[PDB]
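The chain below stands alone and is given as structure tokens, in the form deposited in one PDB entry.
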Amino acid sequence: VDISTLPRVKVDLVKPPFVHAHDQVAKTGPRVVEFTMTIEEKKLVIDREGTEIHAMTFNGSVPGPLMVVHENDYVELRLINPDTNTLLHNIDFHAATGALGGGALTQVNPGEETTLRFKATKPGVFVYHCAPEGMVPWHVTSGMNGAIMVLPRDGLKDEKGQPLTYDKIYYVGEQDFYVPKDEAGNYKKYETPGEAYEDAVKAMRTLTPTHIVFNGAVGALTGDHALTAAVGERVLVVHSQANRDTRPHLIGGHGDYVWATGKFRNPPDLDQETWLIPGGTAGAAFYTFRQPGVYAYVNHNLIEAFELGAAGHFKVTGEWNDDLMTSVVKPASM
């Protein structure tokens, strides 16, 4: 076709774990969906100890925002690298076909911008990330990754082909960081990205992250920033990991319907306790809350969750169901 005859819609992205407004079932024909992201290199405090890294971000956040389109829409991304940044960046969409996912076409020095268009031909949730030749893992593990959801035009379907509709959606980006350590086990500090590079590579080559966090920091999805729901609500949690395997688990719940490797033409796995999202993948889990209270949402390597950071909370409001669970005899000395 002539792409110029298609409707265009502009989307202003929002900060994770929230997701820009969209419709599950497409209310228009195929569209060109316009997004803009501005790269920001910035200092970020990643843990309760105050460890501060030089993060590389799309749009100021770790992860980058979730983009949402429908199958056979076109994604048109304006990517801006302001002259206040120091490094070369680009973008690779796992949703796209050709040119290293767009990375070969989007190399931007500080002070430059570019616009890429691609057709979103496959439905699912997909990773996107920076990937500059020769320095790929350093950019990705400095936070330069996010996800895109390409919904089927008729929305999500269960294992029998009936509709699944979510009431709320959240995006959890999980980030493995590799802060260099000295012989004593202390975090080392660096004056410029160039001076950091070799020790960053050495730290990555240990294959042992120092931190594994949701939404950019230890505890980011707790307290006043806990996720929320009500009993009876249907929630979709999109979860990505651009570099390393993870295994999400909702403590006190389940994944009712899970696309662990994130691709919606496949039937979901039912009734999961824990699911494996391979590094370089996004997955999606759908759950209907049945009990109120605090839930922990974790990577179920519990060391990764509770010592390294990969844990957040839901706060769920509503009625307690004593048929589903009850204390028969509360803890006591007999």
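One-based numbering along the sequence shown. Between two forms, the rigid core is the largest collection of C-alphas that superpose within 1.5 Å.
We do not show the form deposited in another entry, though everything after this point is about it.
Original post:
Among 180, 103, 124, 255, whose C-alpha is off by 2 Å or more between this form and the one not shown on a rigid-core fit?
Top reply: Correct option: 103.
Subject >> Core-superposed comparison between this form and the one not shown, residue 194 Cα displacement 2 Å or beyond >> reply: It does, since the residue 194 C-alpha is displaced 2 Å or more between this form and the one not shown after the core fit.
**OP:** Looking in that other deposited form, decide if the C-alpha atoms of residue 75 and residue 100 are closer or farther than in the form shown; they differ by 3 Å or more.
**Re:** Here the pair is farther apart than in that other deposited form; there, closer.
Subject >> in that other deposited form, shift in Cα separation for residue 31 relative to residue 100, 3 Å or more >> reply: Result: closer.
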